[PDB]
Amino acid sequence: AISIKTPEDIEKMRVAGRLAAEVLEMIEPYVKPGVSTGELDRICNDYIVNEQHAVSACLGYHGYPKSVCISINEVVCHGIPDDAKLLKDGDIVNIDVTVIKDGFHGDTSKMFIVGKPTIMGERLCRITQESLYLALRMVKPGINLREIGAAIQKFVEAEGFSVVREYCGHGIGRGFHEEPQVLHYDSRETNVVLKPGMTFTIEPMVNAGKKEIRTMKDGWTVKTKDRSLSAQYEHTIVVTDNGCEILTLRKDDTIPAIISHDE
């Protein structure tokens, strides 16, 4: 039950994906020691609504109270922007943006290293991004999603890191989360052969320590059980006749938007 997007639908997803990437490009100069995550979220929401003329997909979703998710250090995902939570030197911070424009969603996230980097935070982020890139290079018609999950997990584990099991990438379109599930690890339950026109995300969450996670009493914030650092990067893509096209590419990405496997 995976929708195949029309050329028209794909163009709408290009528009929405560009907007989502542009929020991440816009916010970058504000991501500095001393800024609050609450302030970052307000800046993002104002940009999305007032400049992009779009809406945040997260706001109100299952009751989520903010417009973006901002996850620092051992927070794995779903970190809630807060006026009292200040960024500081050495922090690694995920900002995850999902916008709806003209009925279609764009979904992307990246890590920011705040101020003076720690070497371990830098390495975790780099390996996490590399694991996303490796997976993007695999996407083409006929490949199984299982092969991609397996490859992400092998790469990450060889570095002494772990992949979070509880969360996955997803189909995306008129809905935020559509079929298929995109596991970032090997499972016998995964059997999805890719076809041109499918649109989905890849979004591995990678912990420096052990894979186990925990939800806080606020009902939202997820942390590593061992309090190790965690990192995530996310792109939305469309499968093409010969590979894929990344819909949420930024200028700071170092992988081509259009990946072709033809001669």
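Numbers follow the displayed sequence, beginning with 1. Rigid core (definition): largest C-alpha set, two forms, superposition within 1.5 Å.
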* in 9 other deposited structures of this protein, rigid core aligned: more displaced of 212-220 and 231-239 by C-alpha RMS -> 212-220
* Structure fact -> Taking the deposited Cα B-factors and averaging over 110-118 and over 123-131, the higher mean is found in 110-118
* Report the stretch with the higher mean CA temperature factor, choosing between 93-101 and 156-164 on the basis of the entry. => 156-164
* Structure fact -> Among the modelled residues of its chain, the C-alpha B-factor of residue 250 falls in the third labelled lowest
* **residue 136 - Cα temperature factor, lowest/middle/highest third of chain** => lowest
* Mind checking which third residue 72 falls in for C-alpha B-factor across the chain? -> lowest
* To do: Would you mind ranking residue 223 by its C-alpha B-factor against the rest of the chain and naming the third, lowest, middle or highest?
  => middle
* Third of chain Cα B-factors occupied by residue 12 -> highest
